[PDB]
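Participant: Okay, so here is query_35.pdb, and as you'll see once you scroll down, it has PDB, C-alpha atoms and all ligand atoms.
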ATOM      1  CA  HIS E   3     201.939 138.294  46.904  1.00  0.00           C
ATOM      2  CA  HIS E   4     200.006 136.525  49.670  1.00  0.00           C
ATOM      3  CA  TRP E   5     199.034 132.872  49.986  1.00  0.00           C
ATOM      4  CA  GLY E   6     196.616 131.125  47.698  1.00  0.00           C
ATOM      5  CA  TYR E   7     196.222 128.103  45.451  1.00  0.00           C
ATOM      6  CA  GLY E   8     198.022 129.327  42.338  1.00  0.00           C
ATOM      7  CA  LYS E   9     201.342 127.968  41.047  1.00  0.00           C
ATOM      8  CA  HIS E  10     203.409 130.685  42.724  1.00  0.00           C
ATOM      9  CA  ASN E  11     201.488 131.096  45.984  1.00  0.00           C
ATOM     10  CA  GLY E  12     200.091 127.598  46.417  1.00  0.00           C
ATOM     11  CA  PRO E  13     200.280 125.201  49.412  1.00  0.00           C
ATOM     12  CA  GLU E  14     203.859 124.258  48.516  1.00  0.00           C
ATOM     13  CA  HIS E  15     204.864 127.874  49.229  1.00  0.00           C
ATOM     14  CA  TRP E  16     202.932 128.447  52.466  1.00  0.00           C
ATOM     15  CA  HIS E  17     205.726 127.261  54.762  1.00  0.00           C
ATOM     16  CA  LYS E  18     207.755 130.375  53.941  1.00  0.00           C
ATOM     17  CA  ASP E  19     205.303 132.684  55.743  1.00  0.00           C
ATOM     18  CA  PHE E  20     203.805 130.099  58.067  1.00  0.00           C
ATOM     19  CA  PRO E  21     206.657 127.818  59.228  1.00  0.00           C
ATOM     20  CA  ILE E  22     204.096 125.680  61.039  1.00  0.00           C
ATOM     21  CA  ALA E  23     203.058 124.349  57.642  1.00  0.00           C
ATOM     22  CA  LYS E  24     205.637 121.638  58.364  1.00  0.00           C
ATOM     23  CA  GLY E  25     204.381 121.037  61.897  1.00  0.00           C
ATOM     24  CA  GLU E  26     203.632 117.772  63.692  1.00  0.00           C
ATOM     25  CA  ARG E  27     199.815 117.772  63.504  1.00  0.00           C
ATOM     26  CA  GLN E  28     198.949 119.371  60.169  1.00  0.00           C
ATOM     27  CA  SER E  29     195.820 118.730  58.121  1.00  0.00           C
ATOM     28  CA  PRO E  30     194.321 117.357  55.976  1.00  0.00           C
ATOM     29  CA  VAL E  31     195.538 113.756  55.936  1.00  0.00           C
ATOM     30  CA  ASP E  32     194.761 110.550  54.073  1.00  0.00           C
ATOM     31  CA  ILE E  33     192.489 108.358  56.162  1.00  0.00           C
ATOM     32  CA  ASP E  34     193.507 104.700  55.975  1.00  0.00           C
ATOM     33  CA  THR E  35     190.403 102.671  56.780  1.00  0.00           C
ATOM     34  CA  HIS E  36     192.430  99.532  57.571  1.00  0.00           C
ATOM     35  CA  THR E  37     194.810 101.178  60.028  1.00  0.00           C
ATOM     36  CA  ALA E  38     192.168 103.304  61.747  1.00  0.00           C
ATOM     37  CA  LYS E  39     191.551 102.046  65.262  1.00  0.00           C
ATOM     38  CA  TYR E  40     187.995 101.351  66.395  1.00  0.00           C
ATOM     39  CA  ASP E  41     187.635 103.111  69.740  1.00  0.00           C
ATOM     40  CA  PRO E  42     184.512 101.857  71.519  1.00  0.00           C
ATOM     41  CA  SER E  43     184.972 104.437  74.301  1.00  0.00           C
ATOM     42  CA  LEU E  44     183.791 107.226  71.937  1.00  0.00           C
ATOM     43  CA  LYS E  45     180.303 108.642  72.535  1.00  0.00           C
ATOM     44  CA  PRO E  46     177.946 109.416  69.668  1.00  0.00           C
ATOM     45  CA  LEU E  47     178.084 112.948  68.277  1.00  0.00           C
ATOM     46  CA  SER E  48     175.475 115.392  69.503  1.00  0.00           C
ATOM     47  CA  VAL E  49     174.534 118.035  66.966  1.00  0.00           C
ATOM     48  CA  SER E  50     172.051 120.646  68.184  1.00  0.00           C
ATOM     49  CA  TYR E  51     171.398 123.020  65.311  1.00  0.00           C
ATOM     50  CA  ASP E  52     167.723 123.616  66.045  1.00  0.00           C
ATOM     51  CA  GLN E  53     168.245 127.242  67.145  1.00  0.00           C
ATOM     52  CA  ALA E  54     170.906 127.971  64.500  1.00  0.00           C
ATOM     53  CA  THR E  55     170.926 131.597  63.317  1.00  0.00           C
ATOM     54  CA  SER E  56     172.650 132.219  59.981  1.00  0.00           C
ATOM     55  CA  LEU E  57     173.548 135.848  59.260  1.00  0.00           C
ATOM     56  CA  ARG E  58     175.711 136.420  56.219  1.00  0.00           C
ATOM     57  CA  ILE E  59     177.480 134.722  53.326  1.00  0.00           C
ATOM     58  CA  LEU E  60     180.841 136.063  52.140  1.00  0.00           C
ATOM     59  CA  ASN E  61     183.482 135.589  49.463  1.00  0.00           C
ATOM     60  CA  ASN E  62     186.809 136.056  51.260  1.00  0.00           C
ATOM     61  CA  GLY E  63     188.921 135.258  48.214  1.00  0.00           C
ATOM     62  CA  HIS E  64     189.661 131.806  49.418  1.00  0.00           C
ATOM     63  CA  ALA E  65     186.276 130.225  49.737  1.00  0.00           C
ATOM     64  CA  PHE E  66     182.794 131.443  50.604  1.00  0.00           C
ATOM     65  CA  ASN E  67     181.741 131.303  54.253  1.00  0.00           C
ATOM     66  CA  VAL E  68     178.236 131.162  55.681  1.00  0.00           C
ATOM     67  CA  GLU E  69     178.518 132.841  59.096  1.00  0.00           C
ATOM     68  CA  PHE E  70     176.368 132.202  62.175  1.00  0.00           C
ATOM     69  CA  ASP E  71     175.451 134.036  65.377  1.00  0.00           C
ATOM     70  CA  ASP E  72     177.742 132.596  68.052  1.00  0.00           C
ATOM     71  CA  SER E  73     176.930 134.992  70.897  1.00  0.00           C
ATOM     72  CA  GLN E  74     175.089 132.112  72.599  1.00  0.00           C
ATOM     73  CA  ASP E  75     174.819 128.317  72.561  1.00  0.00           C
ATOM     74  CA  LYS E  76     172.395 128.334  69.625  1.00  0.00           C
ATOM     75  CA  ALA E  77     174.062 125.817  67.320  1.00  0.00           C
ATOM     76  CA  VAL E  78     176.410 123.554  69.243  1.00  0.00           C
ATOM     77  CA  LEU E  79     178.398 120.360  68.869  1.00  0.00           C
ATOM     78  CA  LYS E  80     179.182 118.094  71.810  1.00  0.00           C
ATOM     79  CA  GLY E  81     179.752 114.435  72.520  1.00  0.00           C
ATOM     80  CA  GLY E  82     182.060 112.352  70.390  1.00  0.00           C
ATOM     81  CA  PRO E  83     185.752 112.810  71.290  1.00  0.00           C
ATOM     82  CA  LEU E  84     184.898 116.302  72.522  1.00  0.00           C
ATOM     83  CA  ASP E  85     184.976 117.649  76.069  1.00  0.00           C
ATOM     84  CA  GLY E  86     182.750 120.633  76.715  1.00  0.00           C
ATOM     85  CA  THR E  87     180.558 122.538  74.271  1.00  0.00           C
ATOM     86  CA  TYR E  88     181.578 123.872  70.854  1.00  0.00           C
ATOM     87  CA  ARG E  89     179.775 126.712  69.073  1.00  0.00           C
ATOM     88  CA  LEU E  90     179.177 126.759  65.296  1.00  0.00           C
ATOM     89  CA  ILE E  91     180.631 129.987  63.889  1.00  0.00           C
ATOM     90  CA  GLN E  92     180.768 129.246  60.139  1.00  0.00           C
ATOM     91  CA  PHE E  93     180.896 126.590  57.403  1.00  0.00           C
ATOM     92  CA  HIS E  94     182.566 126.533  53.967  1.00  0.00           C
ATOM     93  CA  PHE E  95     183.574 124.200  51.133  1.00  0.00           C
ATOM     94  CA  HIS E  96     186.606 123.000  49.169  1.00  0.00           C
ATOM     95  CA  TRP E  97     186.113 121.925  45.576  1.00  0.00           C
ATOM     96  CA  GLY E  98     188.032 121.086  42.428  1.00  0.00           C
ATOM     97  CA  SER E  99     187.888 122.115  38.775  1.00  0.00           C
ATOM     98  CA  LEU E 100     186.855 118.532  37.995  1.00  0.00           C
ATOM     99  CA  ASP E 101     184.632 116.074  39.870  1.00  0.00           C
ATOM    100  CA  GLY E 102     187.616 113.842  40.558  1.00  0.00           C
ATOM    101  CA  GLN E 103     189.141 116.216  43.096  1.00  0.00           C
ATOM    102  CA  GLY E 104     188.240 118.909  45.591  1.00  0.00           C
ATOM    103  CA  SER E 105     188.234 117.291  49.023  1.00  0.00           C
ATOM    104  CA  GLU E 106     191.110 117.922  51.424  1.00  0.00           C
ATOM    105  CA  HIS E 107     190.649 114.690  53.328  1.00  0.00           C
ATOM    106  CA  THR E 108     190.955 111.482  51.342  1.00  0.00           C
ATOM    107  CA  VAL E 109     189.706 107.989  52.180  1.00  0.00           C
ATOM    108  CA  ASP E 110     192.106 105.257  51.093  1.00  0.00           C
ATOM    109  CA  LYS E 111     193.653 107.864  48.787  1.00  0.00           C
ATOM    110  CA  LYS E 112     190.188 108.481  47.322  1.00  0.00           C
ATOM    111  CA  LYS E 113     189.300 112.067  46.420  1.00  0.00           C
ATOM    112  CA  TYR E 114     185.749 113.387  46.582  1.00  0.00           C
ATOM    113  CA  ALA E 115     184.235 116.229  44.546  1.00  0.00           C
ATOM    114  CA  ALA E 116     184.333 118.576  47.526  1.00  0.00           C
ATOM    115  CA  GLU E 117     184.494 118.937  51.310  1.00  0.00           C
ATOM    116  CA  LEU E 118     182.214 120.805  53.717  1.00  0.00           C
ATOM    117  CA  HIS E 119     183.677 122.061  57.012  1.00  0.00           C
ATOM    118  CA  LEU E 120     181.450 123.218  59.872  1.00  0.00           C
ATOM    119  CA  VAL E 121     183.759 125.166  62.207  1.00  0.00           C
ATOM    120  CA  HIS E 122     183.145 125.234  65.964  1.00  0.00           C
ATOM    121  CA  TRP E 123     185.063 126.793  68.868  1.00  0.00           C
ATOM    122  CA  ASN E 124     185.268 125.590  72.489  1.00  0.00           C
ATOM    123  CA  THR E 125     182.989 127.867  74.537  1.00  0.00           C
ATOM    124  CA  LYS E 127     185.400 127.532  77.472  1.00  0.00           C
ATOM    125  CA  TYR E 128     187.733 130.006  75.749  1.00  0.00           C
ATOM    126  CA  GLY E 129     185.275 132.899  75.516  1.00  0.00           C
ATOM    127  CA  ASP E 130     185.784 133.733  71.836  1.00  0.00           C
ATOM    128  CA  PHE E 131     187.133 132.373  68.542  1.00  0.00           C
ATOM    129  CA  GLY E 132     190.410 134.303  68.689  1.00  0.00           C
ATOM    130  CA  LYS E 133     191.355 132.730  72.013  1.00  0.00           C
ATOM    131  CA  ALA E 134     190.160 129.279  70.933  1.00  0.00           C
ATOM    132  CA  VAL E 135     192.490 129.023  67.931  1.00  0.00           C
ATOM    133  CA  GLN E 136     195.334 129.428  70.423  1.00  0.00           C
ATOM    134  CA  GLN E 137     194.444 126.204  72.215  1.00  0.00           C
ATOM    135  CA  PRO E 138     195.200 122.540  71.376  1.00  0.00           C
ATOM    136  CA  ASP E 139     191.529 121.747  71.808  1.00  0.00           C
ATOM    137  CA  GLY E 140     190.106 125.104  70.791  1.00  0.00           C
ATOM    138  CA  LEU E 141     188.366 124.060  67.579  1.00  0.00           C
ATOM    139  CA  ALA E 142     186.346 121.069  66.447  1.00  0.00           C
ATOM    140  CA  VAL E 143     185.654 120.800  62.735  1.00  0.00           C
ATOM    141  CA  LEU E 144     183.018 118.502  61.280  1.00  0.00           C
ATOM    142  CA  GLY E 145     184.057 117.386  57.783  1.00  0.00           C
ATOM    143  CA  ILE E 146     181.634 116.053  55.168  1.00  0.00           C
ATOM    144  CA  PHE E 147     182.519 114.698  51.714  1.00  0.00           C
ATOM    145  CA  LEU E 148     180.412 115.605  48.676  1.00  0.00           C
ATOM    146  CA  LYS E 149     180.055 113.254  45.727  1.00  0.00           C
ATOM    147  CA  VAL E 150     178.350 114.162  42.453  1.00  0.00           C
ATOM    148  CA  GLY E 151     175.044 112.352  42.017  1.00  0.00           C
ATOM    149  CA  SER E 152     171.518 113.320  43.014  1.00  0.00           C
ATOM    150  CA  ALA E 153     170.779 116.887  44.102  1.00  0.00           C
ATOM    151  CA  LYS E 154     170.835 117.959  47.735  1.00  0.00           C
ATOM    152  CA  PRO E 155     167.752 120.198  48.196  1.00  0.00           C
ATOM    153  CA  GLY E 156     168.988 121.858  51.370  1.00  0.00           C
ATOM    154  CA  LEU E 157     172.065 123.107  49.503  1.00  0.00           C
ATOM    155  CA  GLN E 158     170.107 124.850  46.744  1.00  0.00           C
ATOM    156  CA  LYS E 159     169.525 128.072  48.718  1.00  0.00           C
ATOM    157  CA  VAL E 160     173.285 128.480  49.150  1.00  0.00           C
ATOM    158  CA  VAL E 161     173.831 127.912  45.441  1.00  0.00           C
ATOM    159  CA  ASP E 162     171.298 130.505  44.254  1.00  0.00           C
ATOM    160  CA  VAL E 163     173.006 133.418  46.038  1.00  0.00           C
ATOM    161  CA  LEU E 164     176.510 132.661  44.724  1.00  0.00           C
ATOM    162  CA  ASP E 165     175.922 135.153  41.893  1.00  0.00           C
ATOM    163  CA  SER E 166     175.653 137.958  44.445  1.00  0.00           C
ATOM    164  CA  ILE E 167     179.063 137.180  46.025  1.00  0.00           C
ATOM    165  CA  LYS E 168     180.961 136.421  42.825  1.00  0.00           C
ATOM    166  CA  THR E 169     184.095 138.290  43.876  1.00  0.00           C
ATOM    167  CA  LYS E 170     186.324 138.807  46.914  1.00  0.00           C
ATOM    168  CA  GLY E 171     184.977 141.207  49.508  1.00  0.00           C
ATOM    169  CA  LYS E 172     181.339 140.780  48.568  1.00  0.00           C
ATOM    170  CA  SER E 173     178.902 139.554  51.209  1.00  0.00           C
ATOM    171  CA  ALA E 174     175.135 139.133  51.333  1.00  0.00           C
ATOM    172  CA  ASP E 175     172.551 138.771  54.076  1.00  0.00           C
ATOM    173  CA  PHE E 176     171.823 135.074  54.399  1.00  0.00           C
ATOM    174  CA  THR E 177     169.339 134.509  57.210  1.00  0.00           C
ATOM    175  CA  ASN E 178     167.155 131.539  58.108  1.00  0.00           C
ATOM    176  CA  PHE E 179     169.378 128.851  56.597  1.00  0.00           C
ATOM    177  CA  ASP E 180     169.180 125.461  58.318  1.00  0.00           C
ATOM    178  CA  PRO E 181     172.509 123.582  58.287  1.00  0.00           C
ATOM    179  CA  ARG E 182     170.776 120.333  59.256  1.00  0.00           C
ATOM    180  CA  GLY E 183     169.922 119.897  55.592  1.00  0.00           C
ATOM    181  CA  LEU E 184     173.595 119.363  54.734  1.00  0.00           C
ATOM    182  CA  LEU E 185     174.029 116.414  57.124  1.00  0.00           C
ATOM    183  CA  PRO E 186     174.236 112.815  55.919  1.00  0.00           C
ATOM    184  CA  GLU E 187     171.957 110.083  57.248  1.00  0.00           C
ATOM    185  CA  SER E 188     174.610 108.571  59.539  1.00  0.00           C
ATOM    186  CA  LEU E 189     176.961 110.229  61.982  1.00  0.00           C
ATOM    187  CA  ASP E 190     179.652 107.529  62.060  1.00  0.00           C
ATOM    188  CA  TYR E 191     183.044 109.200  61.885  1.00  0.00           C
ATOM    189  CA  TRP E 192     186.818 109.166  62.190  1.00  0.00           C
ATOM    190  CA  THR E 193     188.725 111.502  64.489  1.00  0.00           C
ATOM    191  CA  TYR E 194     192.271 112.703  64.953  1.00  0.00           C
ATOM    192  CA  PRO E 195     194.049 115.832  66.229  1.00  0.00           C
ATOM    193  CA  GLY E 196     194.886 118.213  63.389  1.00  0.00           C
ATOM    194  CA  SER E 197     195.034 121.829  62.224  1.00  0.00           C
ATOM    195  CA  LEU E 198     193.261 124.374  60.063  1.00  0.00           C
ATOM    196  CA  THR E 199     193.864 123.770  56.360  1.00  0.00           C
ATOM    197  CA  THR E 200     194.474 127.422  55.568  1.00  0.00           C
ATOM    198  CA  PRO E 201     196.954 129.851  57.081  1.00  0.00           C
ATOM    199  CA  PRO E 202     197.744 130.519  59.872  1.00  0.00           C
ATOM    200  CA  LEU E 203     197.453 126.690  59.820  1.00  0.00           C
ATOM    201  CA  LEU E 204     197.181 126.661  63.633  1.00  0.00           C
ATOM    202  CA  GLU E 205     197.190 123.234  65.267  1.00  0.00           C
ATOM    203  CA  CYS E 206     194.113 123.679  67.461  1.00  0.00           C
ATOM    204  CA  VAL E 207     191.629 121.444  65.669  1.00  0.00           C
ATOM    205  CA  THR E 208     190.036 118.152  66.609  1.00  0.00           C
ATOM    206  CA  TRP E 209     188.826 116.670  63.367  1.00  0.00           C
ATOM    207  CA  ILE E 210     185.587 114.784  62.972  1.00  0.00           C
ATOM    208  CA  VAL E 211     185.248 113.442  59.446  1.00  0.00           C
ATOM    209  CA  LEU E 212     181.918 111.702  58.808  1.00  0.00           C
ATOM    210  CA  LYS E 213     182.138 108.315  57.025  1.00  0.00           C
ATOM    211  CA  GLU E 214     179.035 108.936  54.910  1.00  0.00           C
ATOM    212  CA  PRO E 215     179.276 111.463  52.033  1.00  0.00           C
ATOM    213  CA  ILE E 216     176.319 113.484  50.721  1.00  0.00           C
ATOM    214  CA  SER E 217     175.175 113.755  47.106  1.00  0.00           C
ATOM    215  CA  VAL E 218     175.054 117.001  45.142  1.00  0.00           C
ATOM    216  CA  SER E 219     174.234 117.389  41.458  1.00  0.00           C
ATOM    217  CA  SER E 220     176.812 118.195  38.813  1.00  0.00           C
ATOM    218  CA  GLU E 221     174.833 121.435  38.431  1.00  0.00           C
ATOM    219  CA  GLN E 222     175.214 122.386  42.101  1.00  0.00           C
ATOM    220  CA  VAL E 223     179.015 121.865  42.262  1.00  0.00           C
ATOM    221  CA  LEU E 224     179.335 123.535  38.849  1.00  0.00           C
ATOM    222  CA  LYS E 225     178.012 126.813  40.255  1.00  0.00           C
ATOM    223  CA  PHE E 226     180.681 126.841  42.973  1.00  0.00           C
ATOM    224  CA  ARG E 227     183.308 126.854  40.210  1.00  0.00           C
ATOM    225  CA  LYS E 228     181.776 130.026  38.760  1.00  0.00           C
ATOM    226  CA  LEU E 229     183.216 131.992  41.676  1.00  0.00           C
ATOM    227  CA  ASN E 230     186.252 134.299  41.466  1.00  0.00           C
ATOM    228  CA  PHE E 231     189.401 134.359  43.628  1.00  0.00           C
ATOM    229  CA  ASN E 232     189.965 137.911  42.466  1.00  0.00           C
ATOM    230  CA  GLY E 233     188.097 141.019  43.464  1.00  0.00           C
ATOM    231  CA  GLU E 234     185.796 143.115  41.284  1.00  0.00           C
ATOM    232  CA  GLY E 235     187.633 144.984  38.543  1.00  0.00           C
ATOM    233  CA  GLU E 236     190.655 142.655  38.548  1.00  0.00           C
ATOM    234  CA  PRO E 237     191.606 139.963  36.018  1.00  0.00           C
ATOM    235  CA  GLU E 238     189.307 136.968  36.439  1.00  0.00           C
ATOM    236  CA  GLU E 239     190.617 133.911  38.283  1.00  0.00           C
ATOM    237  CA  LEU E 240     188.038 131.152  38.744  1.00  0.00           C
ATOM    238  CA  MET E 241     187.768 129.790  42.284  1.00  0.00           C
ATOM    239  CA  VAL E 242     188.591 126.104  41.724  1.00  0.00           C
ATOM    240  CA  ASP E 243     190.952 123.607  43.364  1.00  0.00           C
ATOM    241  CA  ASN E 244     191.046 125.536  46.661  1.00  0.00           C
ATOM    242  CA  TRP E 245     192.023 122.438  48.662  1.00  0.00           C
ATOM    243  CA  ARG E 246     195.285 121.591  50.447  1.00  0.00           C
ATOM    244  CA  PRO E 247     196.920 118.230  49.660  1.00  0.00           C
ATOM    245  CA  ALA E 248     197.237 115.452  52.247  1.00  0.00           C
ATOM    246  CA  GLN E 249     199.959 115.855  54.883  1.00  0.00           C
ATOM    247  CA  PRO E 250     202.157 113.297  56.732  1.00  0.00           C
ATOM    248  CA  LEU E 251     200.298 111.504  59.509  1.00  0.00           C
ATOM    249  CA  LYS E 252     203.464 111.341  61.627  1.00  0.00           C
ATOM    250  CA  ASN E 253     202.881 110.572  65.318  1.00  0.00           C
ATOM    251  CA  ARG E 254     199.090 110.310  65.115  1.00  0.00           C
ATOM    252  CA  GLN E 255     196.437 107.608  65.049  1.00  0.00           C
ATOM    253  CA  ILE E 256     192.991 107.847  63.489  1.00  0.00           C
ATOM    254  CA  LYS E 257     190.173 106.499  65.647  1.00  0.00           C
ATOM    255  CA  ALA E 258     186.774 105.430  64.304  1.00  0.00           C
ATOM    256  CA  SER E 259     183.446 105.296  66.129  1.00  0.00           C
ATOM    257  CA  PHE E 260     182.390 102.256  64.086  1.00  0.00           C
ATOM    258  CA  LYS E 261     183.605  98.889  62.818  1.00  0.00           C
TER     259      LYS E 261
HETATM  260 ZN    ZN Y 301     188.140 124.152  55.282  1.00  0.00          ZN
END
Go ahead and express the file in the form of structure tokens.
Facilitator:
Amino acid sequence: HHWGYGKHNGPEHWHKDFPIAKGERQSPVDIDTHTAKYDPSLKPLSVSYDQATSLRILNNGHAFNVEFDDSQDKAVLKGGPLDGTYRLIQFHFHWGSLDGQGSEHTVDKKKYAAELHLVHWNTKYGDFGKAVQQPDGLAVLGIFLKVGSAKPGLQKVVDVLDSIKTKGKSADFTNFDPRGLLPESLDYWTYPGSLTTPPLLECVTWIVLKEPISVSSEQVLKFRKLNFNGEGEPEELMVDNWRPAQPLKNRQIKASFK
């Protein structure tokens, strides 16, 4: 009986095992575009994914991750509200059973069809496990997905989903270029937050791009064909694996644009 997104183990139950679920800087949050403060002291983001080395794709039971080689500064994220260099370690999505929901972050209470999170850890802390234990250990780049035209660069990821249908399964997934999942513009919002899955640690600096990317109904539809369960167990479709918005409390959302 461990956490999940079902009725009995959903987000509204998480606080019982992870008391921090009711913390002061939890995520996601609703982004109010009229209360967000334009900070002109922010530098533009610097995304260097040219030497990115993907390695494996995996169904962990919660979402499917695409892992990268982070033994060196191959794919890094700097600039923006960040100090120091952050290494890309993995990216994953959050989607709904319908196109009217799926994103964790909301814009003016608006829900997108899904949300992509590229997870990075501050290289100053040596490794991921030490990073998560720091207030500025992680920097996550969030990207909203709306159903429309197809995103070519996402097709490779979609094709292999059949090979990682259930929890535990993983498949070699080399030579994938994450730059094909980026929108045209890098304008964003930023605020201090946390992971959106247990342990729900509050070590993340969120960077949520203003511009969403388009994916076809067919692409998002294949995500929903995934299972929460493991092979040989009753089938539970992997849908609605997003956490609802949390209280903003003592926090302000800064934008890099106006
Ligand atoms: Zn996530």
Participant: When the PyMOL selection byres (((chain E and resi 182) around 10) and not hetatm) is applied to the structure above, which residues does it catch, written out as a JSON list (two decimals) with C-alpha atoms, in the coordinates of the input?
Facilitator:
[["chain", "number", "residue", "atom", "x", "y", "z"],
["E", 49, "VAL", "CA", 174.53, 118.04, 66.97],
["E", 50, "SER", "CA", 172.05, 120.65, 68.18],
["E", 51, "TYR", "CA", 171.40, 123.02, 65.31],
["E", 52, "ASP", "CA", 167.72, 123.62, 66.04],
["E", 54, "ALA", "CA", 170.91, 127.97, 64.50],
["E", 156, "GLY", "CA", 168.99, 121.86, 51.37],
["E", 179, "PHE", "CA", 169.38, 128.85, 56.60],
["E", 180, "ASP", "CA", 169.18, 125.46, 58.32],
["E", 181, "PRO", "CA", 172.51, 123.58, 58.29],
["E", 183, "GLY", "CA", 169.92, 119.90, 55.59],
["E", 184, "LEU", "CA", 173.60, 119.36, 54.73],
["E", 185, "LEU", "CA", 174.03, 116.41, 57.12],
["E", 186, "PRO", "CA", 174.24, 112.82, 55.92]]
Participant: Can you translate the PyMOL selection byres (((chain E and resi 139) around 8) and not hetatm) into the concrete residues it hits in this file, as number ranges by chain?
Facilitator: E: 124, 134, 137-138, 140-142, 206-208
Participant: Taking only C-alpha atoms and all ligand atoms into account, report as a PDB file with C-alpha atoms, in the frame of the given file which residues have an atom no farther than 8 Å from an atom of ligand ZN 301 (chain Y).
Facilitator:
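Okay, pocket_18.pdb is ready:
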ATOM      1  CA  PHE E  93     180.896 126.590  57.403  1.00  0.00           C
ATOM      2  CA  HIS E  94     182.566 126.533  53.967  1.00  0.00           C
ATOM      3  CA  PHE E  95     183.574 124.200  51.133  1.00  0.00           C
ATOM      4  CA  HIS E  96     186.606 123.000  49.169  1.00  0.00           C
ATOM      5  CA  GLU E 106     191.110 117.922  51.424  1.00  0.00           C
ATOM      6  CA  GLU E 117     184.494 118.937  51.310  1.00  0.00           C
ATOM      7  CA  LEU E 118     182.214 120.805  53.717  1.00  0.00           C
ATOM      8  CA  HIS E 119     183.677 122.061  57.012  1.00  0.00           C
ATOM      9  CA  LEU E 198     193.261 124.374  60.063  1.00  0.00           C
ATOM     10  CA  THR E 199     193.864 123.770  56.360  1.00  0.00           C
ATOM     11  CA  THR E 200     194.474 127.422  55.568  1.00  0.00           C
ATOM     12  CA  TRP E 245     192.023 122.438  48.662  1.00  0.00           C
TER      13      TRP E 245
END
Participant: Using the chain letters and residue numbers of this document, give as a list in words the residues selected by the PyMOL selection byres (((chain E and resi 171) around 8) and not hetatm).
Facilitator: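 So the PyMOL selection byres (((chain E and resi 171) around 8) and not hetatm), applied here, picks out residues 60, 61, 62, 63, 167, 169, 170, 172, 173 and 233 of chain E.
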Participant: Generate a file of the selected residues that holds C-alpha atoms, formatted as a PDB file, keeping the file's coordinate frame.
Facilitator:
ATOM      1  CA  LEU E  60     180.841 136.063  52.140  1.00  0.00           C
ATOM      2  CA  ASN E  61     183.482 135.589  49.463  1.00  0.00           C
ATOM      3  CA  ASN E  62     186.809 136.056  51.260  1.00  0.00           C
ATOM      4  CA  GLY E  63     188.921 135.258  48.214  1.00  0.00           C
ATOM      5  CA  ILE E 167     179.063 137.180  46.025  1.00  0.00           C
ATOM      6  CA  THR E 169     184.095 138.290  43.876  1.00  0.00           C
ATOM      7  CA  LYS E 170     186.324 138.807  46.914  1.00  0.00           C
ATOM      8  CA  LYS E 172     181.339 140.780  48.568  1.00  0.00           C
ATOM      9  CA  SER E 173     178.902 139.554  51.209  1.00  0.00           C
ATOM     10  CA  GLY E 233     188.097 141.019  43.464  1.00  0.00           C
TER      11      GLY E 233
END
Participant: Restricting the calculation to only C-alpha atoms: of E:255, E:244, E:55, E:125, which residue gets closest to residue 37 of chain E?
Facilitator: E:255
Participant: For the point (187.0, 115.5, 44.6) in file coordinates, what residues are within 12 Å, counting only C-alpha atoms? Give the answer as a PyMOL selection string?
Facilitator: chain E and resi 95-109+111-118+146-150+215+223+242-247
Participant: Figure out the distance between atom CA of residue 228 of chain E and atom CA of residue 144 of chain E, please, to one decimal in Å.
Facilitator: 25.3 Å
Participant: With all atoms listed in the file as the atoms that count, which of E:64, E:5, E:161, E:152 lies nearest to residue 20 of chain E?
Facilitator: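 Comparing E:64, E:5, E:161, E:152 against residue 20 of chain E, the winner is E:5.
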Participant: Between E:250, E:257, E:227, E:202, single out the one closest to residue 16 of chain E, counting all atoms listed in the file.
Facilitator: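 Of all the options, E:202 lies closest to residue 16 of chain E.
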Participant: Could you work out how far atom CA of residue 254 of chain E lies from atom CA of residue 205 of chain E, giving the answer in Å with one decimal?
Facilitator: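 Between atom CA of residue 205 of chain E and atom CA of residue 254 of chain E the gap works out to 13.1 Å.
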Participant: Using the partial input, fill out segment 208-216 of chain E with N, CA and C atoms; write the result as a PDB file, keeping the file's coordinate frame.
Facilitator:
ATOM      1  N   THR E 208     190.358 119.542  66.345  1.00  0.00           N
ATOM      2  CA  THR E 208     190.036 118.152  66.609  1.00  0.00           C
ATOM      3  C   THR E 208     189.099 117.818  65.468  1.00  0.00           C
ATOM      4  N   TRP E 209     189.593 117.018  64.538  1.00  0.00           N
ATOM      5  CA  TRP E 209     188.826 116.670  63.367  1.00  0.00           C
ATOM      6  C   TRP E 209     187.818 115.562  63.557  1.00  0.00           C
ATOM      7  N   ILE E 210     186.656 115.761  62.950  1.00  0.00           N
ATOM      8  CA  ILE E 210     185.587 114.784  62.972  1.00  0.00           C
ATOM      9  C   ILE E 210     185.125 114.693  61.530  1.00  0.00           C
ATOM     10  N   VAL E 211     185.558 113.640  60.853  1.00  0.00           N
ATOM     11  CA  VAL E 211     185.248 113.442  59.446  1.00  0.00           C
ATOM     12  C   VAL E 211     184.245 112.319  59.243  1.00  0.00           C
ATOM     13  N   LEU E 212     182.988 112.681  59.023  1.00  0.00           N
ATOM     14  CA  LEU E 212     181.918 111.702  58.808  1.00  0.00           C
ATOM     15  C   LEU E 212     182.203 110.700  57.673  1.00  0.00           C
ATOM     16  N   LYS E 213     181.944 109.427  57.959  1.00  0.00           N
ATOM     17  CA  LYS E 213     182.138 108.315  57.025  1.00  0.00           C
ATOM     18  C   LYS E 213     181.269 108.431  55.780  1.00  0.00           C
ATOM     19  N   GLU E 214     180.025 108.844  55.984  1.00  0.00           N
ATOM     20  CA  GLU E 214     179.035 108.936  54.910  1.00  0.00           C
ATOM     21  C   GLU E 214     179.009 110.262  54.142  1.00  0.00           C
ATOM     22  N   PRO E 215     179.324 110.236  52.834  1.00  0.00           N
ATOM     23  CA  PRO E 215     179.276 111.463  52.033  1.00  0.00           C
ATOM     24  C   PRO E 215     177.841 111.830  51.665  1.00  0.00           C
ATOM     25  N   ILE E 216     177.644 113.038  51.145  1.00  0.00           N
ATOM     26  CA  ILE E 216     176.319 113.484  50.721  1.00  0.00           C
ATOM     27  C   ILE E 216     176.372 113.706  49.218  1.00  0.00           C
TER      28      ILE E 216
END
